[PDB]
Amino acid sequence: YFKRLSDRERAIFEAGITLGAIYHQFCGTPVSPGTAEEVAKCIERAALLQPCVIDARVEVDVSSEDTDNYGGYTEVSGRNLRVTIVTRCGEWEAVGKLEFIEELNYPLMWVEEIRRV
């Protein structure tokens, strides 16, 4: 109510929120090699508006072999989307990552680092 989380905990909470939000808002977005940098930037800028987010790095890894289809384009998906987000509440930073992990066959979300400033 609504302040039970210490801010280390909040930094972890907000990294989780931003990773899930980014993934679900943007997966499905039509994208090409020519687009894919500008889309990545809009995603970062959208992530940087969320509570406690102080850094967002997004890559949408698309190549022309991904656009060999009637449409001539592909979509943002767990397969081509990679995100690092840094969150800071008070003196604590958390580092959240999204990346398709081949061995897991799955776009994993994890906490890379939790860090006192």
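Start at 1 and count along the sequence shown; that's the residue number.
With 59-67 and 24-32 compared on mean CA B-factor from the PDB entry, the stretch scoring higher is 59-67. For the segment pair 97-105 and 12-20, the entry gives 97-105 the higher mean B-factor, averaged over Cα atoms. Sort the modelled residues of the chain by CA B factor and residue 50 lands in the highest third. In the deposited entry, the Cα temperature factor of residue 43 places it in the highest third of its chain's modelled residues.
When the CA B factors of the chain's modelled residues are split into thirds, the value for residue 85 lands in the middle one.
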